[PDB]
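Only one chain is given next, in structure tokens, and it is the form deposited in one PDB entry.
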């Protein structure tokens, strides 16, 4: 997961377009929760920040667990609108960086944002992947050509991505 060339990122991006409900309907590097509900609702904070809810779990010596909600907040790069940083993490001690490869926002059913992500913490510096957020719970057929072009721009191939439609859903 090397950082992308700045030239392959969207050159303009308004973090306000991340507001509200988005489904993750495709991903490069899924986990075993790939088919659980993939709805995320985000909120903008001010000018340059995006906020959403995350969850924290510890597994203890009795086979029990403790869990908590937390926030994850991203700040946009002031020179590269397609780069967002979440370093931000206090007790949690990790960094997650987002790179917007491709996006179409027409306030239409087919709107999407394609994010490549990379991360690190004390245990490992290898974290990363790529996900497609769509307004629709079903990835729209019409956006696949642009997704294929975006994936190819970072040396990937979109046909390798897992497809996860209607994950909450009807």
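Each form is matched to the other, and the largest set of C-alpha atoms that superpose within 1.5 Å is called the rigid core. Residue numbers count along the first chain shown, from 1.
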item	value
Residue range whose averaged C-alpha B-factor is higher in the record, 124-132 or 48-56	48-56
Higher-B stretch (mean Cα B-factor, as the entry records it), 157-165 or 5-13	5-13
Out of 145, 27, 119, 64, residue topping the C-alpha B-factor column of the entry	145
Entry-reported Cα temperature factor of residue 88, expressed as the chain third it lands in	highest
Residue 35 CA temperature factor, ranked by third within the chain	middle
Chain-relative CA temperature factor third for residue 111	lowest
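The protein also exists as the form deposited in another entry; that form is not presented, and the subsequent description refers to it.
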item: Core-superposed comparison between the shown form and the other one - Cα displaced by 2 angstroms or more, from 144, 105, 138, 54; value: 54
item: Yes/no, residue 36 Cα shift of 2 Å or more between the shown form and the other one with rigid core fixed; value: yes
item: Residue 125 C-alpha relocation of at least 2 Å between the shown form and the other one, rigid core basis; value: yes
item: Cα-Cα shift for residue 124 and residue 29, closer or farther in that other deposited form, minimum 3 Å; value: farther
item: Sense of CA distance change between residue 124 and residue 163 in that other deposited form, threshold 3 Å; value: farther
